[PDB]
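Novice: As you go down the protein sequences, you meet chains C, B and A in turn.
For the first sequence, the tail end lands on 4 under the deposited numbering, and the numbers increase by one without skipping.
For the second sequence, the tail end lands on 30 under the deposited numbering, and the numbers increase by one without skipping.
For the third sequence, the tail end lands on 21 under the deposited numbering, and the numbers increase by one without skipping.
Following this message is one structure expressed as structure tokens.
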Amino acid sequence: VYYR
Amino acid sequence: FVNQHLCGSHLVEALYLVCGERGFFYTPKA
Amino acid sequence: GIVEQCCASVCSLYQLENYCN
């Protein structure tokens, strides 16, 4: 989960 | 802001982070 | 909706602005  | 992967409950938290007091929608493809 | 971008691949927080009123 979270960022690219 | 950054390019963010958002799993479906953690989106509703991240939207919270964006909207403030504006009010917002979680409309998925059921 | 935008959930079928987000729950599977990246989004912008500016699309999350679109999903405000």
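Cβ coordinates follow ideal geometry from the N, Cα and C atoms, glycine included.
Could you check how far apart the C-beta atoms of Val2(B) and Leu16(A) are, in whole angstroms? I think they sit under 8 Å.
Specialist: Their Cβ separation, rounded to whole angstroms, is 12 Å, which puts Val2(B) and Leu16(A) out of contact at 8 Å.
Novice: Could you check whether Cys11(A) and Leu15(B) sit closer than 7 Å to each other, using their CB atoms as the reference points?
Specialist: no
Novice: How long is the line joining the alpha carbons of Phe25(B) and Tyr19(A), rounded to whole angstroms?
Specialist: 6 Å
Novice: By Cβ distance below 6 Å, which residues in the same chain neighbour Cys6(A) in space, the five residues on each side in sequence not counted?
Specialist: none
Novice: Within 10 angstroms of its Cβ, does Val3(A) collect 16 or more other Cβ (buried), or is it exposed?
Specialist: buried
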